[PDB]
Amino acid sequence: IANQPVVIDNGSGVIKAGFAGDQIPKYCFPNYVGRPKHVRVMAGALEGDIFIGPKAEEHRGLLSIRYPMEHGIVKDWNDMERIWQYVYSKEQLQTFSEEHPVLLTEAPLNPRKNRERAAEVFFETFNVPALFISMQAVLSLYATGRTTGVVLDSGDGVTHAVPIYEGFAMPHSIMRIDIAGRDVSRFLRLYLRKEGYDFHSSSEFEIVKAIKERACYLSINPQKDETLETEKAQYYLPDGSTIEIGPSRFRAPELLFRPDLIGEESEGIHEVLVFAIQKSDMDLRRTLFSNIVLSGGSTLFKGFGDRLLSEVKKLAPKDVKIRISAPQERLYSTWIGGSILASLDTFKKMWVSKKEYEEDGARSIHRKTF
Amino acid sequence: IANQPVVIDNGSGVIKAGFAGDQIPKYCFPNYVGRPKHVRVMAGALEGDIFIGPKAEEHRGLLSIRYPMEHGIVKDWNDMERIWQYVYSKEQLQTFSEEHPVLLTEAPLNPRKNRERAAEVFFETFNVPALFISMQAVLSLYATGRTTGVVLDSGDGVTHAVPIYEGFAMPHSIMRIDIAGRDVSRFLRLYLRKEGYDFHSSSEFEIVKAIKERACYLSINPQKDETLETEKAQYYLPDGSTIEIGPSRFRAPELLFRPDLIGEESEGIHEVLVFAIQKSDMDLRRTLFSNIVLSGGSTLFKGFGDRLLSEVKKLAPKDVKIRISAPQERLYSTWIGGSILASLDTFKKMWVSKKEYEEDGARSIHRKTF
Amino acid sequence: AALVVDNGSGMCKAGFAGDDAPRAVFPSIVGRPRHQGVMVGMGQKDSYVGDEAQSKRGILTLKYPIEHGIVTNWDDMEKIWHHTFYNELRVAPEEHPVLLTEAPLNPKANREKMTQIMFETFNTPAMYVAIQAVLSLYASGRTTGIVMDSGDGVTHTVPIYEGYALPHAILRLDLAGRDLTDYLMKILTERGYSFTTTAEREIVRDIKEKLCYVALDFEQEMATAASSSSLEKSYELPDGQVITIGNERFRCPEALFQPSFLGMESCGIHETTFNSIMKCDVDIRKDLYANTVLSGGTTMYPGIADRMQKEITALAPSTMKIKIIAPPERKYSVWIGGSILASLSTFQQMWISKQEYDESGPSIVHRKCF
Amino acid sequence: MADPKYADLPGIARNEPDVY
Numbered sequence: 007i008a009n010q011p012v013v014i015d016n017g018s019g020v021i022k023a024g025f026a027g028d029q030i031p032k033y034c035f036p037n038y039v040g041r042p043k044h045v046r047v048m049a050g051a052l053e054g055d056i057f058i059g060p061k062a063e064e065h066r067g068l069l070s071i072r073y074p075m076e077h078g079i080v081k082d083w084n085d086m087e088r089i090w091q092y093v094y095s096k097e098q099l100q101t102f103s104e105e106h107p108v109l110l111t112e113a114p115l116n117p118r119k120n121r122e123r124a125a126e127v128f129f130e131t132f133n134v135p136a137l138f139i140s141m142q143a144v145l146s147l148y149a150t151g152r153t154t155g156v157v158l159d160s161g162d163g164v165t166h167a168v169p170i171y172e173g174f175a176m177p178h179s180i181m182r183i184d185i186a187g188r189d190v191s192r193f194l195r196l197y198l199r200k201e202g203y204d205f206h207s208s209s210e211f212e213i214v215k216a217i218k219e220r221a222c223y224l225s226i227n228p229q230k231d232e233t234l235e236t237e238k239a240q241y242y243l244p245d246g247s248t249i250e251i252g253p254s255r256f257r258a259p260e261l262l263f264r265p266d267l268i269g270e271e272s273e274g275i276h277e278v279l280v281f282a283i284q285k286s287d288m289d290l291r292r293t294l295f296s297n298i299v300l301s302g303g304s305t306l307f308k309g310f311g312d313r314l315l316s317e318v319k320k321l322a323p324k325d326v327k328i329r330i331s332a333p334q335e336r337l338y339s340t341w342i343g344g345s346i347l348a349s350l351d352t353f354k355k356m357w358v359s360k361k362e363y364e365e366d367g368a369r370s371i372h373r374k375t376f
Numbered sequence: 007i008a009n010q011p012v013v014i015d016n017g018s019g020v021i022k023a024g025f026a027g028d029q030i031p032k033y034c035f036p037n038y039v040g041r042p043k044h045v046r047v048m049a050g051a052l053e054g055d056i057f058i059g060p061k062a063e064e065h066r067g068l069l070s071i072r073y074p075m076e077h078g079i080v081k082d083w084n085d086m087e088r089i090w091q092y093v094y095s096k097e098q099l100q101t102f103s104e105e106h107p108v109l110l111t112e113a114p115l116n117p118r119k120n121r122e123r124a125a126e127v128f129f130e131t132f133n134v135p136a137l138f139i140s141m142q143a144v145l146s147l148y149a150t151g152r153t154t155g156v157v158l159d160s161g162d163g164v165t166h167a168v169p170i171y172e173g174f175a176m177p178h179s180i181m182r183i184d185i186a187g188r189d190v191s192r193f194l195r196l197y198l199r200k201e202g203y204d205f206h207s208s209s210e211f212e213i214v215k216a217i218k219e220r221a222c223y224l225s226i227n228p229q230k231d232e233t234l235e236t237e238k239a240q241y242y243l244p245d246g247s248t249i250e251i252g253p254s255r256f257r258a259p260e261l262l263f264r265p266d267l268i269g270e271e272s273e274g275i276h277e278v279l280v281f282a283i284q285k286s287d288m289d290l291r292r293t294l295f296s297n298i299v300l301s302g303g304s305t306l307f308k309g310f311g312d313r314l315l316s317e318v319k320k321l322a323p324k325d326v327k328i329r330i331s332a333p334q335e336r337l338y339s340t341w342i343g344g345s346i347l348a349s350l351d352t353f354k355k356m357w358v359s360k361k362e363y364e365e366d367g368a369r370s371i372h373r374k375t376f
Numbered sequence: 006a007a008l009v010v011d012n013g014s015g016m017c018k019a020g021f022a023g024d025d026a027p028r029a030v031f032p033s034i035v036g037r038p039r040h041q042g043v044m045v046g047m048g049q050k051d052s053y054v055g056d057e058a059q060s061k062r063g064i065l066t067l068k069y070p071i072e073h074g075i076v077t078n079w080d081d082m083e084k085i086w087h088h089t090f091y092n093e094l095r096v097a098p099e100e101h102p103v104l105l106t107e108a109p110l111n112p113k114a115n116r117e118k119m120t121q122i123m124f125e126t127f128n129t130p131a132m133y134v135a136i137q138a139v140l141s142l143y144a145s146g147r148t149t150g151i152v153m154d155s156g157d158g159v160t161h162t163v164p165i166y167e168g169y170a171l172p173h174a175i176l177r178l179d180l181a182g183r184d185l186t187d188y189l190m191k192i193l194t195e196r197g198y199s200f201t202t203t204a205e206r207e208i209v210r211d212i213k214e215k216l217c218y219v220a221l222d223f224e225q226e227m228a229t230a231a232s233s234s235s236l237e238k239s240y241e242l243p244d245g246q247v248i249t250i251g252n253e254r255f256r257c258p259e260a261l262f263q264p265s266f267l268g269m270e271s272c273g274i275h276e277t278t279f280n281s282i283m284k285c286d287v288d289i290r291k292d293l294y295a296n297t298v299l300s301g302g303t304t305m306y307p308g309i310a311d312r313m314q315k316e317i318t319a320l321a322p323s324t325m326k327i328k329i330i331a332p333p334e335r336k337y338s339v340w341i342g343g344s345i346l347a348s349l350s351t352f353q354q355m356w357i358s359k360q361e362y363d364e365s366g367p368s369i370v371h372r373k374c375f
Numbered sequence: 001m002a003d004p005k006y007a008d009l010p011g012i013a014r015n016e017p018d019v020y
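Protein chains in written order, with PDB author numbering: chain U, 7 to 376; chain T, 7 to 376; chain V, 6 to 375; chain n, 1 to 20.
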């Protein structure tokens, strides 16, 4: 049974899905389960009481939004099962789970208990014929066409730098930090309360993400921007009421580079990129500096790539050719490579079959992913 | 000026201190400087802003800990000056540096620049009358009362094996690795994140050491323990939240024997012990096999000496009497021998005086040590 | 020498430094009368303040200047300060320094505007703004411990350990006494006791202070209320009319423990304190559990400390020893702390001055605060 | 003796048996 296999690019902020051999994912929607706050008195209302995808984005204010996945680690497993069921259902894909093989994605250095529980869901609740879990860095390089290069990525969940040289991923040089887009959006909200315009509700939280996406920029010199006084540029909310943002716009994404602001002594994006290159062997370092690949949504801030290079110039050894490349579709980088990987003939050898899982169990999944 | 001399047993993990001619060191505390993460708004707080010894152990959560020594090589010289000042100060020794001669310790084959800068600190910043630097192996044999012995030690920073025979330390037979207790604790932390429970902060790092000290054992056959399924033993934090350790407790100390697990091809503890005996002369090998002495904290794992015997039986020539000796006081073996060496009348001849240092400089210190 | 002025959203408390309890105690209200074209006899005040507004309540539109610990109308707040200094305290603000208090995670512009009014309008010699929780902890005597402060403006939590505040573990909450008073007023309307106007807002507030108490178990208290009528107490108004309510005593302050009644979609005060403690470092949780301090008027419900002990123990692990510090004088704990802070000799060097304000401006206060 | 860390019942040494 070898049908056209399904790609499910898993993510905390956004979840992207479709089929193998397609140019762009047709089905991109946010990874959360909205449930109505208010009571439904009048008949002819929105039925189901569990909202996923465009209905949830359309009707934000009704629904108490909650994300099942934080830092690439699903807490609420029942909600992720409902999301995966919604992906397979007639509202998005219009297919049976029993026909197609599945390409799932996960971040590196996650809990192995979540990986086993992910496999149990796909093999038992859904009746999948074959499953395969892969890394985001390896897929991004498949998408670009390269084999060499460091893959710096930064979504809503995790920021991790995986150094891969000519199809050889080094597991002991994989750096990871739980300081990504969600923590930046949470840090922006806390700053907006310091400015004056407070937000508290879960539907109201997605307005802060929209402010983070649109009106933010990473300055080159942060001390120079601190000394200077800001202009206080405006932004109109979905209601209509205007908000003067002030210094909260530029100091919010600084969290990615300075994790001491939120109150958690970690590396930061720029240190993780250098540390991943430094942990590898001497002869591969110069090639890893020349090939740096960006990915995820939290690399799309204004003057982010300029700040990354300045930080690499500061930390890395002098007189070395630095080059931070990126795809045009930075959000769809990981999915396209998965769609490429799925359409290859070798993909049949890589996956965990249903029969193999029933015989062995979790050990065979831990033997095939890594 | 020949007062009762001080014995400062240095090391990346723990620093032992006290006077000569004693049974056990009175002043044992971990080698790190603690500085507060958070802001002190409220008055009547913990004064000083620099925490060393039992204050730092008591108030971990506040302090961003940082180890000055890595692999017996002090990186931050200002931090070691503060620690050595704290050792001499009224909180521990209650004596001046000007009165007593100093016995310093270092790992073998270290940077000579660090040895010079160590002497500079004790002669200039502190006003020492006489300094002497010694090896770990020679001091361990002083404590036991032997002369013949291969000293397989394993501290927090360094693992090495110096083969001494009847008071003749062979400098070219010395085998050294930078894989030891700290790297095993760092390797255990990485496994615990793969299991599920994440630790990242420097105060939070010492919990992983406490888990490693308490609940770890070395399997006699690692392939047999892999094939079998573990029991998953529990451990309570200072918080109270329980942690199922699982297979990470037995796989953590395998870094000592298999240094390919961290991703850094070295010899290993058992290979270093055999290689040290092999590099020495033909007629000395059988006496060196009979006198194998253990020391340091990373030899205290359950079934360490049993496995270290089995590895020697595998490598070494057949039908030879192997004897891996290991005193009751393994942790303070190096300090005891220093206290014994300091108490002897020959000690006056071996040291470097302040007058001799002012005349010659670093060259006289390099001559007297070897 | 120095004056302490706790500008609370409900009761504005003020007095002198180094005192047991405050002299000036009154509700921060500014009642403006019913403006009709008809005249008024023998003169009157255009805008009443404090106890005068409370005495002549029936006519006046009672508008609080501070809403959720945020000064909305600044002319109204200026009149209350003027009423505090000249009328109540009977002393000019030019001679005495002035300690003020705001809740943590407030707007940054509010301190600047508060300070501008003190220096420009009132001509103060020296001023300071402190955190309310920090003073509440300082009134209790301990350096260590979390403070679950709860007034009519804002409920909030500030974990502190050994005189080191943890600013990132702070959690401000929108639920407060005013929201409980509004909830009690709504459920009174449900059982035929309608209170619309702002004159009746103070009567229902006074009903809330007398009758209401925290339930140990809510479902049990609901069952006993349906069965028996012994719990149903009676309260007589200022008017000779007397009213009886059964369910509404325990149900009103339950909104703190179940925010879903009010329609906030937030964490309850029991688990908000827990979530604050978990955001702190893992090593210093035991002392925060031991010193769970309460303060403010919203912690003056009978049996609240018992409910906090039940809920925090249910959330936390079983091994932990939970303990709530609930003093008799917790209603005025913020002011007592300010009086002790003003009395110390160390605080004389921590003030802002007139010359420093003229050099810098309003932005100097953010450096001085924390 | 006094101090935090000791090991109870490891023994001083582990030795192979001596043959003739």
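Where is the CB? At the ideal position from N, CA and C, for every residue including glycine.
- Message: For a minimum of 3 consecutive residues, which ranges assigned as the beta strand (DSSP E) are wholly contained in the stretch 212-244 of chain V?
- Response: 238-241
- By DSSP, does U/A332 sit in helix, in strand, or in coil? coil
- Item | Sequence-distant residues of its chain with Cβ nearer than 6 Å to V/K284 (five each side left out) | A174
- Item | Three CB pairs or more closer than 8 Å across the stretch 300-310 of chain V and the stretch 328-341 of chain V | yes
- Query: Using a Cβ-Cβ distance under 8 Å, would T/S70 count as near chain V?
  - Reply: no
- Query: Between the C-alpha atoms of V/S33 and V/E167, what's the straight-line distance to the nearest angstrom?
  - Reply: 35 Å
- Task: Could you name the residues of chain T that V/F375 contacts, counting a contact when the two beta carbons are closer than 7 Å?
- Result: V45, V47
- Message: Using the Cβ count rule (16 or more neighbours within 10 Å means buried), how would you classify T/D312?
- Response: exposed
- Task: Find the residues of chain n that neighbour T/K327, judging by a C-beta separation of less than 8 Å, and give them in chain order.
- Result: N15, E16, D18
- Under the rule that 16 or more other beta-carbon atoms within 10 Å means buried, what is T/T352, buried or exposed? exposed
- Selected residue, minimal CA-CA separation from T/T150, among T/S339, T/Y363, T/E76: T/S339
- For T/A332 and chain n, any beta-carbon pair shorter than 8 Å? yes
- Message: Can you pull out the residues from the stretch 249-273 of chain U whose beta carbon lies closer than 7 Å to at least one beta carbon of chain V?
- Response: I268, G269
- Can the beta-carbon of T/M48 be found less than 8 Å from the beta-carbon of V/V139? yes
- Distance between V/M227 and V/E205 (C-alpha atoms, nearest Å): 27 Å
- Buried or exposed by the 16-neighbour rule on C-beta atoms within 10 Å, applied to T/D266: exposed
- Message: Would T/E210 pass as an interface residue toward chain V - the criterion being a Cβ-Cβ separation below 8 Å?
- Response: yes
- Nearest-angstrom Cα distance between V/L320 and V/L142? 24 Å
- Message: Between T/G161 and T/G187, how many whole angstroms is the CB-CB distance? I'm expecting something under 8 Å.
- Response: 6 Å
- Item | Inter-residue spacing [alpha-carbon to alpha-carbon] between U/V157 and U/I79 | 20 Å
- Query: Nearest-angstrom Cα distance between V/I64 and V/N12?
  - Reply: 25 Å
- Query: Where do the ends of the alpha helix (DSSP H) carrying U/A149 lie?
  - Reply: 142-150
- Task: Specify whether the stretch 7-24 of chain U and the stretch 93-112 of chain U touch according to this definition: at least 3 beta carbon pairs, one from each stretch, less than 8 Å apart.
- Result: yes
- Task: With 8 Å as the threshold, decide whether the Cβ of V/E93 is near any Cβ in chain U.
- Result: no
- Item | Residue interval of the beta strand (DSSP E) (run including V/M132) | 131-136
- Cα-Cα, which of U/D366, U/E122, U/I346, U/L99 is closest to U/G27? U/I346
- Measure from the C-beta of T/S349 to each C-beta in chain V and report whether the shortest distance is under 8 Å. no
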